[PDB]
Colleague: 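Mind having a look at this structure? Questions to follow.
Throughout, protein chains are lettered first and strands after them, A, B, ... in sequence-line order, and every chain is numbered starting at 1.
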Amino acid sequence: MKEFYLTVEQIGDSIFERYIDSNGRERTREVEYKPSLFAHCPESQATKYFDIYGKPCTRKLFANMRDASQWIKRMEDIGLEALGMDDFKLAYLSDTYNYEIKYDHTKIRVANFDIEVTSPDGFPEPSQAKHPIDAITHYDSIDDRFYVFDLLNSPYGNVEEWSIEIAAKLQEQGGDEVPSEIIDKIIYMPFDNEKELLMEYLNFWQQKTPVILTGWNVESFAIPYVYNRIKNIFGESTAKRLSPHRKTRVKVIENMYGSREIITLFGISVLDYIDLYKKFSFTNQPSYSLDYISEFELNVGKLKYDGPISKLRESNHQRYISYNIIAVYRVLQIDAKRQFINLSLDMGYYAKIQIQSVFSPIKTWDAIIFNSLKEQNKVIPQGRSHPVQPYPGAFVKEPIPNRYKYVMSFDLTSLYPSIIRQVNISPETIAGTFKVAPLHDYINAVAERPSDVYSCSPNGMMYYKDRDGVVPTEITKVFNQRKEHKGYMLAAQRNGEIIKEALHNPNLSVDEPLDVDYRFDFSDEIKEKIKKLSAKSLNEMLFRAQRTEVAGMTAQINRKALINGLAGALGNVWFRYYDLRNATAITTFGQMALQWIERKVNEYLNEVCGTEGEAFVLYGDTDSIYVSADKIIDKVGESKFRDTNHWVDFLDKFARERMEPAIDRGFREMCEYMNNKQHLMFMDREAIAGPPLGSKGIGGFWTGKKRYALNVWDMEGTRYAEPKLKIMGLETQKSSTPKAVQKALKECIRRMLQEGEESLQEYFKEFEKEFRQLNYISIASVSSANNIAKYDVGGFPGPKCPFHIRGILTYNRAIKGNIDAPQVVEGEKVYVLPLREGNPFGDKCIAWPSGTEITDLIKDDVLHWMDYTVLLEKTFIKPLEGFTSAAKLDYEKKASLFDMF
DNA sequence: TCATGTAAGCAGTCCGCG
DNA sequence: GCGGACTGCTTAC
Ligand SMILES: Nc1nc2c(ncn2[C@H]2C[C@H](O)[C@@H](COP(=O)(O)OP(=O)(O)OP(=O)(O)O)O2)c(=O)[nH]1
Ligand SMILES: [Ca+2]
Ligand SMILES: [Ca+2]
Ligand SMILES: [Ca+2]
Ligand SMILES: [Ca+2]
Ligand SMILES: [Ca+2]
């Protein structure tokens, strides 16, 4: 097999590399890598190295990496550019793996671990590590085993061995319900003392050294705790055995309002799953406890136990250990679904970076572009300092707040990457500038043509047309990858809808789910077999189709994120290729493209309708337009349609056969106007929206920019079994809105769009009457909590104290004296409830850690004093009033003359 | 919240507005 | 009471 790296590090003048050799074995080597850097050289002299602008360079070979680093410093002292890859390990990887890396995941040791630490005096701080580690569960992907290290004797209690037999049993048998599929994979090791446990753990670690190390909060908690606890008991040298090269560093992670410490383990790639989840999931959650995320992702119930976690080991060690094991498994289950580890490996090996660098689009693109240029013996420029400067972004149209009955939307494919490719925007393709007219002059096609030679953006920039820049070339590669996975995702989505339809008429039989590939549209034969299947088999197929869709989503959306990240990186001062001219060329071209096509669509539809100056485009944001289809429907007449699906088909055909060709003609003209390199402005129909045929539903509404709701029947070619609400920006979509309130507002919207005013009024009246019965957590607001200390003046709110911070200060007074009480953590999320006048907490609100029950000390008082009236007005009535006023609808029945009967 | 960008919405504080 | 200046937070893209 072809070799591939696992990890790479620079330690002084050595590269330390862990890798898989040609025989599939893991090896480690120390290489005295001699790096090269570059300086500009006279034009008259012969060389094969040129910078990105075609200026000749001489290569400088250094005796060692420290000499190279020192040379860069002296070049700064002199005032001359020191060119080349200054991150020598990237250069090492580029030299050692000068081909497209083919990796075998089965040879990569991925470790998932979690520790337990009993602490009687509050949260066990990793930097102090003053309490015994009393459990570690460490899953190894190569062995496919859960290694359980269990401390039986502690200063906080002596316990009996954990029983695998009890662990396996149902909760209803007094067991822990450790999933049957992992029972045979547990290797259980009890220990008489903590020193023995840790020494054995380190020996185990040496034998099975993680390449990828993951788990939940492992970077911020488990790793620093283990490192510091071992350091405290045995000394530094023993703790450094967590690094295969015996090198570690305390790394200070700084943010806007403070800093924290993590432990860098040289020769390991730490991908904390909480961080993978935050980057790759495209969710914003009210809580990031593993319980919460597991329930959200997997529909598993929270791990239930009596009493505080600080007493769980002594009261129920059996459950304590079982829950440690289950916690490790839940992360594996989330990854089986989301496939973020797979994604990280794909991206990392593609870029030729340390796998943990996938968190940085700047590092990722630096490596991709470096490798690409190196292939042509080209030399990358030195990174430079730049002041942070604001620059303009997208255009968003101000919508007229209203109901909108029939709507068809259209969207540009991968806009910013397409602009980069179309215009040929790259550091080395800048050709010059032209005299800019106001943007509206380009939009209306009255400005002078910018150039007859170069490819242009309306910010004034011109680009070469003779050859693609490295940015367009490399962005295209990832774009094409993204397109493939999006194809699989959408096929899985369409396949899911076939199954949903079939589930209306399930067969009374005993059968099995069909063995199919959900990434491809079901054949006619498969469709016929589906129509004969039982509900059990159909539901299993639906689950599998949906899992295939999620895998496709992960692969596609994050490749999209990577390419959009390149467009953003051009506007980040730390990017080697930072250039506000290029960053702004992209965004300004986007503004023109949207407004140009708004004009063209309005012109086209006014022609087919025989009107003048009518606005068909009701809204647009960045790359999408929303077109009122009322007049199109009315031209044939609603009574001509057999059912909802009939007019959806009609609009689908109208969009594809009439509007898209007109849109394409419009963009081809714009391409010619800007003299662009290649026409890549591809705007296709996105959504078809409207009320059910014959209903009193309003179809859709807008309240303002980035705030709307549509009842959608077809989305990018997926024809839904049941209409789907597309709601953007409204409170139903915000993590800050209480859970039960999101649900209620969504039903209000559903009724508005599908059923009408009377249905909405019926529901509102019921919710208002019953909502006080809702669980307090379900009606709590949510907020991130920053700068708690800043607004804390002697335990009370300082000037301009935010509402949620005031709530935290209230909580802090209520629990004062308790070392045991859950503390609110700076930067994390809290639940927030308003409090009635004259409550014993002495303020108008209270807040506590999100994803948790409020401590029993004050729970009863919170429940008694919760201000339901304020809660309802703020979270429910105010947003609903906004939706209904926009839609010209009443949520309460107005008096009429009939009331006199 | 260490980790690519800008546009723009709403909650809430402070306080003017005769 | 509501709107502007401002902070804080959160989405849409
Ligand atoms: N710099 C930067 N731009 C972004 C980011 N997210 C969205 N944008 C900009 C660039 C996108 O091309 C543009 C439109 O985004 P969309 O979500 O509508 O999707 P896009 O057209 O990129 O892809 P798609 O429609 O799914 O093919 O908005 C981002 O994270 N960074
Ligand atoms: Ca735990
Ligand atoms: Ca798009
Ligand atoms: Ca599309
Ligand atoms: Ca059937
Ligand atoms: Ca869009």
Side-chain angles (χ1 to χ4, degrees), chain A residues 219-220 251-260 262 271-272 274-276 278-280 282-284 286 288 356-366 388-398 411-412 414-416 560-575 577-578 580 582-584 586-588 590-591 594 619-624 703-708 726-737 781-787 790-791 797-807 825-830 832 834 844-845 874-875 878-879 882:
Chain A
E219 195 179 68
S220 61
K251 187 181 180 179
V252 53
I253 302 302
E254 298 182 354
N255 63 46
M256 209 146 57
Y257 313 108
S259 72
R260 57 185 187 89
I262 66 167
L271 307 178
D272 193 335
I274 191 170
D275 293 325
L276 291 174
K278 286 173 179 180
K279 181 180 177 60
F280 294 138
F282 287 79
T283 65
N284 194 9
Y288 290 86
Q356 67 268 33
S357 287
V358 299
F359 287 113
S360 171
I362 283 163
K363 182 60 82 168
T364 302
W365 282 112
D366 199 42
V388 178
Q389 288 187 277
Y391 71 97
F395 173 77
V396 187
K397 184 186 171 67
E398 190 75 68
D411 167 75
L412 284 146
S414 188
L415 182 64
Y416 283 13
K560 167 186 170 168
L562 184 63
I563 56 178
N564 286 346
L566 181 50
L570 293 163
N572 179 288
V573 299
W574 301 103
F575 192 42
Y577 309 98
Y578 172 80
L580 228 50
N582 287 346
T584 303
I586 297 159
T587 61
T588 308
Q591 286 205 1
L594 195 65
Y619 183 67
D621 182 345
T622 308
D623 69 321
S624 72
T703 79
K705 292 184 183 176
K706 299 178 189 285
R707 284 182 66 85
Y708 62 93
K726 179 183 181 60
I727 302 165
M728 315 303 313
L730 309 188
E731 280 75 6
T732 56
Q733 309 310 113
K734 297 179 81 162
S735 66
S736 46
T737 299
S781 297
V782 179
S783 190
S784 295
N786 303 299
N787 287 290
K790 191 222 275 197
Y791 292 105
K800 300 170 182 68
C801 185
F803 191 84
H804 60 292
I805 305 299
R806 179 184 291 272
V825 180
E826 169 71 22
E828 302 207 343
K829 289 181 189 194
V830 290
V832 185
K844 61 173 174 184
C845 63
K874 275 156 51 164
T875 68
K878 203 185 174 188

Colleague: For a quick check of understanding: with a heavy-atom distance under 4.0 Å over all strands, which category does A/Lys844 fall into, base, sugar-phosphate or nothing?
Modeller: sugar-phosphate
Colleague: Under 3.5 Å, which N/O atoms of the protein pair with N/O atoms of nucleotides 9-11 of chain B?
Modeller:
| unit_1 | atom_1 | unit_2 | atom_2 | d |
| --- | --- | --- | --- | --- |
| B/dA11 | OP2 | A/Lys878 | NZ | 2.8 |

Colleague: From CE of A/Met728 over to P of B/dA8, roughly how many Å is that when rounded to an integer?
Modeller: 16 Å
Colleague: Check whether any side-chain heavy atom of A/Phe395 lies under 4.5 Å from a side-chain heavy atom of A/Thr587, and answer yes or no.
Modeller: no
Colleague: Can you find a side chain N or O atom of A/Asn786 that sits less than 4.0 Å from OP1 or OP2 on C/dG8?
Modeller: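 Negative; the distance criterion is not met.
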Colleague: DNA chain B: A/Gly827 or A/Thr587, which has the more 5' nearest nucleotide?
Modeller: A/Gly827
Colleague: Do you know which two heavy atoms are closest between A/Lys279 and A/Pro361, and how far apart they sit?
Modeller: NZ-CD, 4.1 Å
Colleague: Could you check whether A/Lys560 gets within reach of a base, just the sugar-phosphate, or nothing at all, counting any heavy atom under 4.0 Å?
Modeller: nothing
Colleague: Between C/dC9, B/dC2, B/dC14, which nucleotide has the shortest distance from any of its atoms to the side chain of A/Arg260?
Modeller: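 For the A/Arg260 side chain, the nearest candidate turns out to be B/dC2.
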Colleague: Just how far, in rounded Å, is P of B/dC2 from NZ of A/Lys278?
Modeller: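 My rounded result for the distance is 8 Å.
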Colleague: Check side chain to side chain contact (heavy atoms under 4.5 Å, CB included) between A/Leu412 and all other residues, then give those that pass, not counting sequence neighbours.
Modeller: A/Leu415, A/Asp623, A/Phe667, A/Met681, A/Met683
Colleague: Could you say whether A/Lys790 or A/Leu730 is positioned toward the 5' end of DNA chain C, judged by the nucleotide with the nearest heavy atom to each?
Modeller: A/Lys790
Colleague: Positive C1'-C2'-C3'-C4' means north, negative means south, so call it for the sugar of B/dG12.
Modeller: south
Colleague: Is there a donor on the side chain of A/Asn564 or the base of B/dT4 sitting less than 3.5 Å from an acceptor on the other?
Modeller: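 Checked by distance alone, the answer is no.
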Colleague: For A/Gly568, answer base if it contacts any base atom (sugar-phosphate contacts may also be present), sugar-phosphate if it contacts only those atoms, and nothing otherwise; contact means non-hydrogen atoms under 4.0 Å.
Modeller: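 Base: the residue A/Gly568, judged by heavy atoms under 4.0 Å, touches a nucleobase.
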Colleague: A/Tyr416 versus A/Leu566: any side-chain heavy-atom pair under 4.5 Å?
Modeller: no
Colleague: Within the structure shown, what part of the strands sits under 4.0 Å from A/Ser735 by heavy-atom distance: base, sugar-phosphate, or nothing?
Modeller: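 Sugar-phosphate, no base atom in range.
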Colleague: What nucleic acid atoms does A/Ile253 come within less than 4.0 Å of, heavy atoms only: base, sugar-phosphate, or nothing?
Modeller: base
Colleague: Roughly, in whole Å, what's the span from CD1 in A/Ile274 to P in B/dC2?
Modeller: 11 Å
Colleague: Just wondering, do A/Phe803 and B/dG12 stack (centres under 5.5 Å, planes under 30°)?
Modeller: no
Colleague: Is it the case that the base of B/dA3 and the side chain of A/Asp275 share a donor-acceptor contact (distance under 3.5 Å, atom types as modelled)?
Modeller: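 When only heavy-atom distances are counted, A/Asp275 does reach the base of B/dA3 through a donor-acceptor pair under 3.5 Å.
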Colleague: Based on the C1'-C2'-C3'-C4' torsion angle, does the furanose ring of C/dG8 adopt a north or a south pucker?
Modeller: south
Colleague: Decide side chain to side chain contact (heavy atoms under 4.5 Å, CB included) for A/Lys790 and A/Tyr257; before the verdict, give the C-alpha distance in whole Å, the side-chain angles of both, and the deciding distance to 0.1 Å.
Modeller: CA-CA 10 Å; A/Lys790 191 222 275 197; A/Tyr257 313 108; 5.5 Å; no
Colleague: Looking at every non-hydrogen atom in both residues, tell me the closest pair between A/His804 and A/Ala785 and how far apart they are.
Modeller: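 Minimum heavy-atom separation between A/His804 and A/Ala785: CD2-CA, 4.1 Å.
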Colleague: Classify A/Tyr391 by what it touches in the nucleic acid, base, sugar-phosphate, or nothing, heavy-atom distance under 4.0 Å.
Modeller: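 Sugar-phosphate contact only - A/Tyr391 comes under 4.0 Å of backbone atoms but never of a base.
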Colleague: In sequence, state the C-alpha distance, the side-chain angles, and the governing distance for A/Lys874 and A/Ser781, and then conclude on side chain to side chain contact (heavy atoms under 4.5 Å, CB included).
Modeller: CA-CA 10 Å; A/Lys874 275 156 51 164; A/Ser781 297; over 6 Å; no
Colleague: Just how large is the angle between the end axes of the helix from B/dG5-C/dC13 to B/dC17-C/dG1, five pairs per end, to 10 degrees?
Modeller: 30°
Colleague: Give A/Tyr791 one of three labels, base, sugar-phosphate or nothing, depending on what nucleic acid heavy atoms sit under 4.0 Å from its own.
Modeller: sugar-phosphate
Colleague: Go nucleotide by nucleotide along DNA chain C from the 5' end; which of A/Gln733 and A/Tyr257 gets its closest nucleotide reached first?
Modeller: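 Looking at the nearest nucleotide for each, A/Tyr257 comes out on the 5' side.
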Colleague: Using the P atom in both, what is the distance from C/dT10 to B/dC2, to the nearest Å?
Modeller: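 Nearest-Å result for C/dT10 against B/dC2 at atom P: 15 Å.
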Colleague: Nearest to the side chain of A/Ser784, which nucleotide is it out of C/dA12, C/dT7, C/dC9?
Modeller: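 Of the candidates, C/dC9 comes closest.
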Colleague: Which whole-number value in Å describes the distance from A/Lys829 NZ to C/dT10 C1'?
Modeller: 9 Å
Colleague: Roughly how many Å is it from CG in A/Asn284 to P in C/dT11, rounded to a whole number?
Modeller: 4 Å
Colleague: Testing A/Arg707, A/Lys705, A/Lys706 one by one against A/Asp621 for a salt bridge (charged side-chain N to carboxylate O under 4.0 Å, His left out), which residue passes?
Modeller: A/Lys706
Colleague: To the nearest Å, give me how far apart NE2 (A/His804) and P (C/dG8) are.
Modeller: 9 Å
Colleague: Look at the side chain of A/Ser360 and decide which nucleotide, out of C/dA12, B/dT1, B/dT4, has an atom nearest to it.
Modeller: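 Shortest atom-to-atom distance from the side chain points to B/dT4.
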Colleague: Looking at A/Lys829 and A/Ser735, what are the two nearest heavy atoms and their distance?
Modeller: NZ-OG, 3.9 Å
Colleague: Distance check needed: B/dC2 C1' versus A/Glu219 CD, whole Å only.
Modeller: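 Answer to the nearest Å: 9 Å.
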Colleague: Can you list the steps and then say if A/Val830 with A/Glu828 is a side chain to side chain contact (heavy atoms under 4.5 Å, CB included)?
Modeller: CA-CA 7 Å; A/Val830 290; A/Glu828 302 207 343; over 6 Å; no
Colleague: Would you mind reading off the distance between A/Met256 atom CE and B/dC2 atom P, rounded to a whole angstrom?
Modeller: 11 Å
Colleague: I'd like the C1' distance from B/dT1 over to C/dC9, given in whole Å.
Modeller: 12 Å
Colleague: Could you tell me which non-hydrogen atom of A/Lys800 sits nearest to which non-hydrogen atom of A/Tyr791, and how far apart they are?
Modeller: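 In terms of heavy atoms, the two residues are closest at O-CE2, 3.4 Å.
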Colleague: Take A/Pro390 and A/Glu826, find for each the nucleotide of DNA chain B with the closest heavy atom, and name the residue whose nucleotide sits nearer the 5' end.
Modeller: A/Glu826
Colleague: At 4.0 Å (heavy atoms only), tell me whether A/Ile262 reaches a base, stays on the sugar-phosphate, or touches nothing.
Modeller: base
Colleague: Would you say A/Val396 and A/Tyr619 make side-chain contact, with heavy atoms under 4.5 Å?
Modeller: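 Result yes, sub-4.5 Å side-chain heavy-atom pair found.
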Colleague: Read from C1'-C2'-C3'-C4', is the pucker at C/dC6 north or south?
Modeller: north
